[PDB]
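K.L.:
One structure, pasted below without further comment.
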Amino acid sequence: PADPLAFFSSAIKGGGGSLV
Amino acid sequence: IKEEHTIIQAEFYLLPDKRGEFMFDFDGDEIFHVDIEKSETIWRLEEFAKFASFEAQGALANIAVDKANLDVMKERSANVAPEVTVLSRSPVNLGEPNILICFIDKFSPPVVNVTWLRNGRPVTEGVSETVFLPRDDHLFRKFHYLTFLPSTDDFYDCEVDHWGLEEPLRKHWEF
Amino acid sequence: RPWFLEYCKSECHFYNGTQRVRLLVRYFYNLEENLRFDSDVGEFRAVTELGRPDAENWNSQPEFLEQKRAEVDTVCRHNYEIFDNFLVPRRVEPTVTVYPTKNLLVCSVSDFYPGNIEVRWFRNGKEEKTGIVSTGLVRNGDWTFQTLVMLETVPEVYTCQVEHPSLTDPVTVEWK
Amino acid sequence: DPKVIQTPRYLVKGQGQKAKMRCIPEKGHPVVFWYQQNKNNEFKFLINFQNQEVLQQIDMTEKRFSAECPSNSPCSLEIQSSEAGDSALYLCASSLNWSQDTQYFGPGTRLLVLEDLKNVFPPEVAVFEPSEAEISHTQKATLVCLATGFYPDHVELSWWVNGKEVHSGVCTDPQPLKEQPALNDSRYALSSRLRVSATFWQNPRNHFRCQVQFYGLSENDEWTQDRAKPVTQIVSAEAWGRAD
Amino acid sequence: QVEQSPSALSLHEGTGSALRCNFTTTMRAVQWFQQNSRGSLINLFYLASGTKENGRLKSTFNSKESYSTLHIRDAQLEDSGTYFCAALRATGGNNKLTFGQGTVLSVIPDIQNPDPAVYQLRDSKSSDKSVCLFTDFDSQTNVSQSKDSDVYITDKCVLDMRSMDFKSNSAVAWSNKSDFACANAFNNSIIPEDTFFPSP
Ligand SMILES: *[C@@H]1O[C@H](CO[C@@H]2O[C@@H](C)[C@@H](O)[C@@H](O)[C@@H]2O)[C@@H](O[C@@H]2O[C@H](CO)[C@@H](O)[C@H](O)[C@H]2NC(C)=O)[C@H](O[C@@H]2O[C@@H](C)[C@@H](O)[C@@H](O)[C@@H]2O)[C@H]1NC(C)=O
Ligand SMILES: *[C@@H]1O[C@H](CO)[C@@H](O)[C@H](O)[C@H]1NC(C)=O
Ligand SMILES: *[C@@H]1O[C@H](CO)[C@@H](O)[C@H](O)[C@H]1NC(C)=O
Ligand SMILES: *[C@@H]1O[C@H](CO)[C@@H](O)[C@H](O)[C@H]1NC(C)=O
């Protein structure tokens with residue numbers, strides 16, 4: 001009985017912004 | 001008594017290589033990584049599998065999200081040469097099986113070409129490899145391995161190629 | 001040769017097991033750390049201007065932050081309890097060897113875990129805290145450590161003592 | 001508030017027919033989910049999207065389903081060969097984030113897959129005027145609507161007073177009753193009541209209409225029988241006020 | 001896996017109760033829904049920790065003990081429906097909500113001035129067809145389904161004349177032919193003794 005690991009689910013980042 | 005530890009989940013997506021990775025770190029050592037193309041959990045030490053498990057498809061999703069985020073990061077906005085150290089895993093005794101460690105360190109992007117050399121020719125057998133491991137900073141490190149039988153006749157080289165190098169370097173090792 | 005890298009390291013920091021936990025999520029693009037989430041802050045904070053759009057975006061979303069702040073518990077402490085069964089109590093006993101070089105007495109301590117270790121050179125039963133040359137703690141990358149603690153003297157009974165969490169009593173190897 | 005649109009509300013198909021369902025996620029939501037809800041309130045995840053790209057799906061979805069979330073078109077889920085075990089409420093959910101915040105569900109598509117469509121019947125609707133006894137005893141007036149002889153139970157009943165849909169003073173039966181419980185494919189019946197004041201019913205100019213939306217066959221579906229093609233249709237029954 | 005309780009709940013109008021969900025593993029966050037008569041899931045709460053309050057509803061979620069609750073106070077008619085809890089498995093690879101078994105909640109309408117009666121309603125478009133209406137009975141009374149299989153009896157339903165702040169229960173009974181009468185319509189069930197039976 002091996003215990004399932006939890007993990008970090010990645011997040012969506014949006015566009016619409018620009019830098020020089 | 002005091003237990004101080006640092007568990008790290010480390011994932012990335014790289015262009016134009018189109019390659020992603022996903023791994024867990026424990027106090028500097030790899031716990032496991034997910035083979036993205038095969039969607040399977042690969043433990044660093046086999047014994048680990050009796051204690052824990054990871055649903056590999058979870059990592060595939062993250063890489064898909066990271067891949068999309070990378071395009072966002074590209075729209076929104078040099079190379080670092082590696083340090084290569086070649087050492088033995090255990091004290092070297094003639095006739096006693098050992099392992100050479102090729103330690104690639106402090107580099108980016110996470111892509112290298114390592115070629116073990118015994119007596120000036122490549123070795124494809126008894127060679128092991130790690131995924132790209134995390135550092136405290138923004139750079140990567142990597143372990144390459146070669147099983148060998150110590151003798152006074154042989155000399156070994158570890159040839160490491162990276163985009164941060166004008167020329168592939170080779171670190172030498174002999175008894 | 002251009003390349004692009006989206007790099008994220010979510011770090012669980014345990015200052016004493018699950019008694020004190022700090023979550024640190026670090027976002028990297030190319031060679032630059034741009035965004036962080038410190039559980040001691042409770043929100044995202046840009047490290048560079050490239051990470052600011054993501055901070056302002058995610059910090060304006062209550063449910064996002066709520067889920068993030070809970071990950072100290074739902075991910076960090078969850079995984080620690082599991083790893084506490086085999087990773088934390090992992091013990092590998094060191095192999096100790098003494099051999100002369102060039103004089104230079106070499107104490108080789110090999111294949112041990114965890115990294116917490118203490119190696120001392122003795123001269124006739126008295127500790128020698130001078131002339132010591134070491135390679136320091138060396139990580140083999142396969143959950144074992146090695147180190148070379150060398151003494152730089154010309155010899156009657158030299159002794160290398162090694163203390164380690166895997167040992168109930170200090171291991172001693174002498175060199176006459 | 002986020003609103004998710006799903007069409008059609010109900011859907012009936014014969015075994016082997018394709019079953020397409022459409023969904024429109026909340027504006028600005030890049031992530032879309034699909035779930036199955038059966039009669040036992042069991043929920044089963046089918047597939048999720050990040051914009052146009054399928055990210056995750058179970059084995060059944062890859063083999064038997066065809067999902068899509070393109071621009072220029074609403075999201076869709078389609079069963080290539082409908083089986084009886086596919087009958088469920090197919091829910092569509094959208095989210096602002098991948099896994100970090102609330103999923104908002106649409107009205108869902110109640111799919112029913114039958115062996116064939118030989119026993120599909122529209123409803124017959126009749127309105128029943130208030131009794132004089134009720135009007136004098138309570139000074140209120142109840143109208144009853146009866147939708148009968150339809151199959152399957154894919155109907156929506158609504159009341160209309162003077163051309164406008166009303167919601168106050170109304171209740172419809174939570175579920176249709178079988179006209180003959182012994183039969184597997186028994187046609188259904190459904191009652192509903194609309195109660196108004198006496199003085200409102202006692203006005204010849206007041207018009208009361210009971211409308212039953214019936215979901216059935218389309219023009220695309222093939223019909224090779226004698227009686228009328230039991231297509232999607234609205235059946236109504238009317239009544240005017242009486243001063244008496 | 002998710003365990004929800006109770007399976008069903010009948011709450012008097014204006015009273016309160018609580019639903020619970022135990023989780024067998026670690027959840028990132030919990031969602032609470034109300035699935036109404038239409039079948040559309042209404043969002044009630046999203047919480048990854050602590051307690052949230054929304055009108056007459058209240059919800060608590062504790063990640064460590066792996067359980068969540070939902071409190072309902074001052075029950076109204078519109079509170080009816082099936083309540084679901086749903087969560088994300090923090091150990092789950094598939095990004096999805098895992099749902100609970102569900103709590104079917106029924107709200108018993110409070111009838112203040114009962115006036116049990118059975119009326120006869122004629123068809124507007126025909127002269128032969130008619131239905132029977134058992135109405136204004138208080139919520140205590142149950143409407144048993146017919147046994148004749150030639151006569152049809154619907155279950156009780158509550159309507160709300162909102163403008164008059166009025167509520168009433170009713171059940172409809174009809175039959176094709178011909179021995180059937182309204183005085184014998186709802187006698188497979190127990191109707192009040194003081195039920196008003198008009199004389200047609
Ligand atoms: C460090 O934390 C200990 C408890 O942490 C437990 O063990 C970890 C490995 C981790 O899994 C965590 O989640 C666990 O809860 C402290 O507790 C001591 O534990 C012993 C038995 O385990 C108990 O008898 C002591 O009463 C308890 N003391 C306290 C203050 O809680 C450590 O405390 C140390 O140990 C004591 C004996 C005492 O000397 C105290 O001053 C010490 O700090 C924690 N130590 C430190 C340095 O933070
Ligand atoms: C790596 O090096 C070997 C020999 O040095 C060569 O054959 C191979 O093509 C190289 N691969 C890449 C990707 O540079
Ligand atoms: C949840 O756990 C508590 C305590 O063990 C128990 O009393 C309760 O019945 C459980 N609920 C369900 C739905 O199993
Ligand atoms: C009505 O029926 C319910 C079950 O549907 C039962 O629990 C309740 O006691 C009944 N009430 C009366 C007054 O018989």
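Each chain in the structure tokens gets a letter, A, B, ..., in the order shown, and its residues are numbered from 1; ligands are numbered from 1 in order too.
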With a distance threshold of 12 Å and counting only C-alpha atoms, extract the residues of chain D near chain A and express them as a PyMOL selection string.

P.N.:
chain D and resi 28-31+50-51+95-101

K.L.:
Distance cut-off 8 Å, counting only C-alpha atoms - which residues of chain C neighbour chain D? Return them as a list in words.

P.N.:
residues 63, 64 and 67 of chain C

K.L.:
Go ahead and write the residues just picked, N, CA, C and O atoms, as a PDB file, in the first residue's frame.

P.N.:
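See result.pdb below for the written result:
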```pdb
ATOM      1  N   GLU C  63      -9.990  33.204  -4.853  1.00  0.00           N
ATOM      2  CA  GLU C  63     -10.032  31.745  -4.788  1.00  0.00           C
ATOM      3  C   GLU C  63      -8.671  31.120  -5.086  1.00  0.00           C
ATOM      4  O   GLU C  63      -8.285  30.128  -4.463  1.00  0.00           O
ATOM      5  N   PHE C  64      -7.956  31.705  -6.041  1.00  0.00           N
ATOM      6  CA  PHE C  64      -6.591  31.303  -6.369  1.00  0.00           C
ATOM      7  C   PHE C  64      -5.719  31.368  -5.117  1.00  0.00           C
ATOM      8  O   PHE C  64      -5.131  30.367  -4.704  1.00  0.00           O
ATOM      9  N   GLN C  67      -6.480  28.882  -2.400  1.00  0.00           N
ATOM     10  CA  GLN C  67      -5.985  27.543  -2.690  1.00  0.00           C
ATOM     11  C   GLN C  67      -4.472  27.484  -2.501  1.00  0.00           C
ATOM     12  O   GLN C  67      -3.943  26.487  -2.010  1.00  0.00           O
TER      13      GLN C  67
END
```

K.L.:
Neighbouring residues of ligand 1 are defined here as those with any atom at most 12 Å from a ligand atom, counting only C-alpha atoms and all ligand atoms; list them as a PyMOL selection string.

P.N.:
(chain B and resi 1-5) or (chain C and resi 14-21+73+76-85+87-89)

K.L.:
Chain C near chain A within 9 Å: what's each residue's closest atom pair and its distance in Å to one decimal, counting only C-alpha atoms, ordered by chain then ascending residue number, as a Markdown table?

P.N.:
```
| residue | atom | partner | partner_atom | distance |
| --- | --- | --- | --- | --- |
| C:8 | CA | A:10 | CA | 8.7 |
| C:10 | CA | A:8 | CA | 7.2 |
| C:49 | CA | A:19 | CA | 8.4 |
| C:50 | CA | A:19 | CA | 7.6 |
| C:53 | CA | A:17 | CA | 7.2 |
| C:54 | CA | A:13 | CA | 6.1 |
| C:57 | CA | A:13 | CA | 7.8 |
| C:58 | CA | A:13 | CA | 8.2 |
| C:71 | CA | A:8 | CA | 8.2 |
| C:74 | CA | A:6 | CA | 7.7 |
| C:75 | CA | A:6 | CA | 5.4 |
| C:76 | CA | A:6 | CA | 8.2 |
| C:78 | CA | A:6 | CA | 6.9 |
| C:79 | CA | A:5 | CA | 5.9 |
| C:82 | CA | A:3 | CA | 6.7 |
```

K.L.:
Give me the residues within 6 Å of segment 128-133 of chain C as an NGL selection string, counting only C-alpha atoms and dropping any in the same chain fewer than 6 places off.

P.N.:
:C and (121-122 or 150-152)

K.L.:
Those residues with N, CA and C atoms, as a PDB file, in the first residue's frame please?

P.N.:
```
ATOM      1  N   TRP C 121      40.620  14.371  13.152  1.00  0.00           N
ATOM      2  CA  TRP C 121      41.938  13.751  13.224  1.00  0.00           C
ATOM      3  C   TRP C 121      42.526  13.893  14.624  1.00  0.00           C
ATOM      4  N   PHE C 122      43.014  12.790  15.181  1.00  0.00           N
ATOM      5  CA  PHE C 122      43.638  12.813  16.502  1.00  0.00           C
ATOM      6  C   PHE C 122      45.137  12.511  16.400  1.00  0.00           C
ATOM      7  N   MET C 150      41.925  15.173   5.198  1.00  0.00           N
ATOM      8  CA  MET C 150      43.352  14.881   5.159  1.00  0.00           C
ATOM      9  C   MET C 150      44.144  15.664   6.200  1.00  0.00           C
ATOM     10  N   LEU C 151      45.126  14.998   6.802  1.00  0.00           N
ATOM     11  CA  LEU C 151      46.017  15.630   7.771  1.00  0.00           C
ATOM     12  C   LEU C 151      47.410  15.788   7.161  1.00  0.00           C
ATOM     13  N   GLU C 152      48.013  16.960   7.330  1.00  0.00           N
ATOM     14  CA  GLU C 152      49.252  17.282   6.624  1.00  0.00           C
ATOM     15  C   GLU C 152      50.473  17.298   7.542  1.00  0.00           C
TER      16      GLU C 152
END
```

K.L.:
Can you pull out the residues contacting segment 144-146 of chain E? Cut-off 12 Å, using only C-alpha atoms, and skip same-chain residues under 2 positions away; I want them as a CSV table (one decimal) with C-alpha atoms, in the first residue's frame.

P.N.:
```csv
chain,number,residue,atom,x,y,z
D,177,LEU,CA,-46.1,9.6,-13.9
D,178,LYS,CA,-46.4,6.5,-16.0
D,179,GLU,CA,-49.8,6.0,-17.7
D,180,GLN,CA,-49.0,2.3,-17.5
D,181,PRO,CA,-46.1,1.4,-15.0
E,141,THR,CA,-51.1,15.0,4.5
E,142,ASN,CA,-49.5,12.5,2.1
E,148,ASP,CA,-57.0,1.3,-10.2
E,149,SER,CA,-54.5,1.9,-13.0
E,150,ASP,CA,-57.4,3.5,-14.9
E,151,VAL,CA,-57.4,6.5,-12.7
E,152,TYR,CA,-54.3,8.8,-12.4
E,153,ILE,CA,-53.1,10.7,-9.3
E,154,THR,CA,-50.2,13.1,-9.2
E,155,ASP,CA,-48.1,13.8,-6.1
E,156,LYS,CA,-48.7,16.9,-4.1
E,171,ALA,CA,-52.7,17.1,-6.1
E,172,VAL,CA,-54.5,16.4,-9.4
E,173,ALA,CA,-56.6,13.3,-10.2
E,174,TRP,CA,-58.3,12.3,-13.5
E,175,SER,CA,-59.7,9.3,-15.3
E,184,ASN,CA,-63.8,8.9,-4.5
E,185,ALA,CA,-60.7,10.3,-6.2
E,186,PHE,CA,-58.3,10.6,-3.3
E,187,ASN,CA,-59.4,7.7,-1.2
E,188,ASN,CA,-56.3,5.6,-1.8
E,189,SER,CA,-54.8,8.2,0.5
E,190,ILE,CA,-55.8,9.6,3.9
E,191,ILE,CA,-57.4,13.0,3.5
```

K.L.:
Kindly provide, as a PDB file with N, CA and C atoms, in the first residue's frame, all nucleotide and amino acid residues lying within 10 Å of ligand 3, counting only C-alpha atoms and all ligand atoms.

P.N.:
```
ATOM      1  N   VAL E   2     -15.368  10.172  -1.902  1.00  0.00           N
ATOM      2  CA  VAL E   2     -16.066  11.151  -1.075  1.00  0.00           C
ATOM      3  C   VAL E   2     -17.301  10.536  -0.422  1.00  0.00           C
ATOM      4  N   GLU E   3     -17.460  10.764   0.878  1.00  0.00           N
ATOM      5  CA  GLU E   3     -18.630  10.282   1.604  1.00  0.00           C
ATOM      6  C   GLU E   3     -19.504  11.440   2.079  1.00  0.00           C
ATOM      7  N   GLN E   4     -20.730  11.500   1.572  1.00  0.00           N
ATOM      8  CA  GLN E   4     -21.653  12.573   1.923  1.00  0.00           C
ATOM      9  C   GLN E   4     -22.836  12.046   2.733  1.00  0.00           C
ATOM     10  N   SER E   5     -23.296  12.848   3.687  1.00  0.00           N
ATOM     11  CA  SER E   5     -24.448  12.498   4.509  1.00  0.00           C
ATOM     12  C   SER E   5     -25.183  13.765   4.941  1.00  0.00           C
ATOM     13  N   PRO E   6     -26.504  13.666   5.165  1.00  0.00           N
ATOM     14  CA  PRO E   6     -27.324  12.464   4.980  1.00  0.00           C
ATOM     15  C   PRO E   6     -27.709  12.240   3.522  1.00  0.00           C
ATOM     16  N   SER E   7     -28.286  11.079   3.233  1.00  0.00           N
ATOM     17  CA  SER E   7     -28.709  10.754   1.880  1.00  0.00           C
ATOM     18  C   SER E   7     -29.914  11.601   1.482  1.00  0.00           C
ATOM     19  N   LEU E  19     -25.160  19.463   6.439  1.00  0.00           N
ATOM     20  CA  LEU E  19     -24.673  18.346   5.638  1.00  0.00           C
ATOM     21  C   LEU E  19     -23.168  18.198   5.815  1.00  0.00           C
ATOM     22  N   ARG E  20     -22.665  16.977   5.672  1.00  0.00           N
ATOM     23  CA  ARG E  20     -21.244  16.720   5.877  1.00  0.00           C
ATOM     24  C   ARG E  20     -20.634  15.900   4.742  1.00  0.00           C
ATOM     25  N   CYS E  21     -19.355  16.141   4.472  1.00  0.00           N
ATOM     26  CA  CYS E  21     -18.598  15.348   3.510  1.00  0.00           C
ATOM     27  C   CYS E  21     -17.233  14.974   4.076  1.00  0.00           C
ATOM     28  N   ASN E  22     -16.961  13.675   4.177  1.00  0.00           N
ATOM     29  CA  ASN E  22     -15.630  13.201   4.559  1.00  0.00           C
ATOM     30  C   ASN E  22     -14.827  12.812   3.323  1.00  0.00           C
ATOM     31  N   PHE E  23     -13.548  13.172   3.305  1.00  0.00           N
ATOM     32  CA  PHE E  23     -12.685  12.824   2.184  1.00  0.00           C
ATOM     33  C   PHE E  23     -11.649  11.785   2.605  1.00  0.00           C
ATOM     34  N   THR E  24     -11.444  10.778   1.762  1.00  0.00           N
ATOM     35  CA  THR E  24     -10.513   9.696   2.076  1.00  0.00           C
ATOM     36  C   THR E  24      -9.073  10.061   1.724  1.00  0.00           C
ATOM     37  N   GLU E  65      -8.164  17.447   8.673  1.00  0.00           N
ATOM     38  CA  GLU E  65      -9.082  16.392   9.094  1.00  0.00           C
ATOM     39  C   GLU E  65      -9.849  15.818   7.907  1.00  0.00           C
ATOM     40  N   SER E  66      -9.642  16.421   6.739  1.00  0.00           N
ATOM     41  CA  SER E  66     -10.198  15.936   5.479  1.00  0.00           C
ATOM     42  C   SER E  66     -11.722  15.813   5.517  1.00  0.00           C
ATOM     43  N   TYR E  67     -12.394  16.908   5.858  1.00  0.00           N
ATOM     44  CA  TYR E  67     -13.852  16.936   5.864  1.00  0.00           C
ATOM     45  C   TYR E  67     -14.375  18.344   5.600  1.00  0.00           C
ATOM     46  N   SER E  68     -15.610  18.433   5.118  1.00  0.00           N
ATOM     47  CA  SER E  68     -16.249  19.724   4.893  1.00  0.00           C
ATOM     48  C   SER E  68     -17.726  19.663   5.259  1.00  0.00           C
ATOM     49  N   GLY E 100     -19.695  14.091  -4.270  1.00  0.00           N
ATOM     50  CA  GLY E 100     -20.266  13.294  -3.199  1.00  0.00           C
ATOM     51  C   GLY E 100     -21.527  12.583  -3.659  1.00  0.00           C
ATOM     52  N   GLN E 101     -22.058  11.704  -2.815  1.00  0.00           N
ATOM     53  CA  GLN E 101     -23.258  10.944  -3.154  1.00  0.00           C
ATOM     54  C   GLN E 101     -24.460  11.864  -3.329  1.00  0.00           C
TER      55      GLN E 101
END
```

K.L.:
Go through the chains and note each residue within 9 Å of ligand 2, using only C-alpha atoms and all ligand atoms, then give the set as a PDB file with N, CA, C and O atoms, in the first residue's frame.

P.N.:
```
ATOM      1  N   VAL B 111      20.368  21.558 -21.474  1.00  0.00           N
ATOM      2  CA  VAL B 111      20.619  20.652 -22.589  1.00  0.00           C
ATOM      3  C   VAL B 111      22.119  20.414 -22.752  1.00  0.00           C
ATOM      4  O   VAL B 111      22.887  21.353 -22.956  1.00  0.00           O
ATOM      5  N   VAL B 112      22.534  19.155 -22.644  1.00  0.00           N
ATOM      6  CA  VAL B 112      23.948  18.805 -22.751  1.00  0.00           C
ATOM      7  C   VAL B 112      24.171  17.542 -23.577  1.00  0.00           C
ATOM      8  O   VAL B 112      23.256  16.740 -23.766  1.00  0.00           O
ATOM      9  N   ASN B 113      25.398  17.377 -24.062  1.00  0.00           N
ATOM     10  CA  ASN B 113      25.798  16.178 -24.792  1.00  0.00           C
ATOM     11  C   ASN B 113      27.045  15.562 -24.167  1.00  0.00           C
ATOM     12  O   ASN B 113      28.160  16.033 -24.392  1.00  0.00           O
ATOM     13  N   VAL B 114      26.854  14.513 -23.376  1.00  0.00           N
ATOM     14  CA  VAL B 114      27.961  13.889 -22.662  1.00  0.00           C
ATOM     15  C   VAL B 114      28.404  12.593 -23.334  1.00  0.00           C
ATOM     16  O   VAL B 114      27.575  11.770 -23.721  1.00  0.00           O
ATOM     17  N   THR B 115      29.714  12.423 -23.474  1.00  0.00           N
ATOM     18  CA  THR B 115      30.272  11.213 -24.064  1.00  0.00           C
ATOM     19  C   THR B 115      31.432  10.672 -23.233  1.00  0.00           C
ATOM     20  O   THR B 115      32.505  11.271 -23.188  1.00  0.00           O
ATOM     21  N   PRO B 122      34.603   6.158 -27.397  1.00  0.00           N
ATOM     22  CA  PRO B 122      33.332   6.250 -26.666  1.00  0.00           C
ATOM     23  C   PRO B 122      32.878   4.938 -26.022  1.00  0.00           C
ATOM     24  O   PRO B 122      33.183   3.849 -26.512  1.00  0.00           O
ATOM     25  N   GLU B 159      33.579  14.025 -21.996  1.00  0.00           N
ATOM     26  CA  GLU B 159      33.412  15.120 -22.942  1.00  0.00           C
ATOM     27  C   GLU B 159      32.015  15.722 -22.839  1.00  0.00           C
ATOM     28  O   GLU B 159      31.020  15.062 -23.143  1.00  0.00           O
ATOM     29  N   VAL B 160      31.950  16.979 -22.407  1.00  0.00           N
ATOM     30  CA  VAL B 160      30.676  17.670 -22.219  1.00  0.00           C
ATOM     31  C   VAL B 160      30.492  18.815 -23.214  1.00  0.00           C
ATOM     32  O   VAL B 160      31.309  19.733 -23.279  1.00  0.00           O
ATOM     33  N   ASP B 161      29.414  18.753 -23.987  1.00  0.00           N
ATOM     34  CA  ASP B 161      29.112  19.805 -24.945  1.00  0.00           C
ATOM     35  C   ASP B 161      27.869  20.578 -24.518  1.00  0.00           C
ATOM     36  O   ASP B 161      26.883  19.992 -24.074  1.00  0.00           O
ATOM     37  N   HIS B 162      27.934  21.898 -24.655  1.00  0.00           N
ATOM     38  CA  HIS B 162      26.849  22.780 -24.246  1.00  0.00           C
ATOM     39  C   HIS B 162      26.855  24.015 -25.139  1.00  0.00           C
ATOM     40  O   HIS B 162      27.876  24.338 -25.748  1.00  0.00           O
ATOM     41  N   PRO B 168      33.577  21.851 -27.243  1.00  0.00           N
ATOM     42  CA  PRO B 168      33.322  20.781 -26.273  1.00  0.00           C
ATOM     43  C   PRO B 168      34.554  20.487 -25.429  1.00  0.00           C
ATOM     44  O   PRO B 168      35.632  20.265 -25.979  1.00  0.00           O
TER      45      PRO B 168
END
```

K.L.:
Let me make sure I understand: among E:140, E:69, E:163, E:31, which one has the smallest atom-to-atom distance to ligand 4 if we use only C-alpha atoms and all ligand atoms?

P.N.:
E:140

K.L.:
Could you please tell me, as JSON, numbers by chain, which residues of chain B have an atom within 9 Å of chain D when using only C-alpha atoms?

P.N.:
{"B": [57, 60, 61, 64, 65]}

K.L.:
Run DSSP on the backbone and tell me which residues of segment 44-141 of chain B come out as strand (DSSP E or B); list them as number ranges by chain.

P.N.:
B: 52-53, 80, 83-88, 98-108, 113-118, 121-122, 127-129, 133-134, 140-141

K.L.:
Sort by chain and increasing residue number a table of all residues of chain B within 10 Å of chain E, each with its closest pair of atoms and their distance in Å to one decimal, counting only C-alpha atoms, and write it as CSV.

P.N.:
```
residue,atom,partner,partner_atom,distance
B:53,CA,E:91,CA,9.3
B:54,CA,E:91,CA,7.5
B:55,CA,E:93,CA,5.1
B:56,CA,E:93,CA,6.6
B:57,CA,E:93,CA,5.2
B:58,CA,E:93,CA,3.7
B:59,CA,E:93,CA,7.4
B:60,CA,E:93,CA,8.7
B:61,CA,E:93,CA,8.0
B:62,CA,E:93,CA,9.8
```

K.L.:
Please produce a file of those selected residues containing N, CA and C atoms, as a PDB file, in the first residue's frame.

P.N.:
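Below you can see result.pdb, which holds the result:
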```pdb
ATOM      1  N   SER B  53       3.754   6.793  -4.397  1.00  0.00           N
ATOM      2  CA  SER B  53       3.367   6.668  -5.796  1.00  0.00           C
ATOM      3  C   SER B  53       2.938   8.027  -6.334  1.00  0.00           C
ATOM      4  N   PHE B  54       3.045   8.203  -7.644  1.00  0.00           N
ATOM      5  CA  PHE B  54       2.621   9.448  -8.265  1.00  0.00           C
ATOM      6  C   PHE B  54       1.903   9.197  -9.582  1.00  0.00           C
ATOM      7  N   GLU B  55       0.725   9.797  -9.734  1.00  0.00           N
ATOM      8  CA  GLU B  55      -0.022   9.701 -10.985  1.00  0.00           C
ATOM      9  C   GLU B  55       0.649  10.561 -12.051  1.00  0.00           C
ATOM     10  N   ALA B  56       1.355   9.901 -12.961  1.00  0.00           N
ATOM     11  CA  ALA B  56       2.224  10.577 -13.917  1.00  0.00           C
ATOM     12  C   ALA B  56       1.498  11.544 -14.853  1.00  0.00           C
ATOM     13  N   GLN B  57       0.203  11.329 -15.074  1.00  0.00           N
ATOM     14  CA  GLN B  57      -0.543  12.176 -16.005  1.00  0.00           C
ATOM     15  C   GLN B  57      -0.699  13.589 -15.448  1.00  0.00           C
ATOM     16  N   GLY B  58      -0.539  13.721 -14.134  1.00  0.00           N
ATOM     17  CA  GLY B  58      -0.575  15.016 -13.487  1.00  0.00           C
ATOM     18  C   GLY B  58       0.557  15.899 -13.975  1.00  0.00           C
ATOM     19  N   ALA B  59       1.722  15.296 -14.189  1.00  0.00           N
ATOM     20  CA  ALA B  59       2.884  16.026 -14.681  1.00  0.00           C
ATOM     21  C   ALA B  59       2.707  16.416 -16.145  1.00  0.00           C
ATOM     22  N   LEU B  60       2.071  15.538 -16.919  1.00  0.00           N
ATOM     23  CA  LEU B  60       1.830  15.804 -18.334  1.00  0.00           C
ATOM     24  C   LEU B  60       0.977  17.052 -18.507  1.00  0.00           C
ATOM     25  N   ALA B  61      -0.022  17.196 -17.639  1.00  0.00           N
ATOM     26  CA  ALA B  61      -0.901  18.358 -17.664  1.00  0.00           C
ATOM     27  C   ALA B  61      -0.124  19.635 -17.356  1.00  0.00           C
ATOM     28  N   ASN B  62       0.702  19.586 -16.313  1.00  0.00           N
ATOM     29  CA  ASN B  62       1.525  20.727 -15.935  1.00  0.00           C
ATOM     30  C   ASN B  62       2.425  21.196 -17.069  1.00  0.00           C
TER      31      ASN B  62
END
```
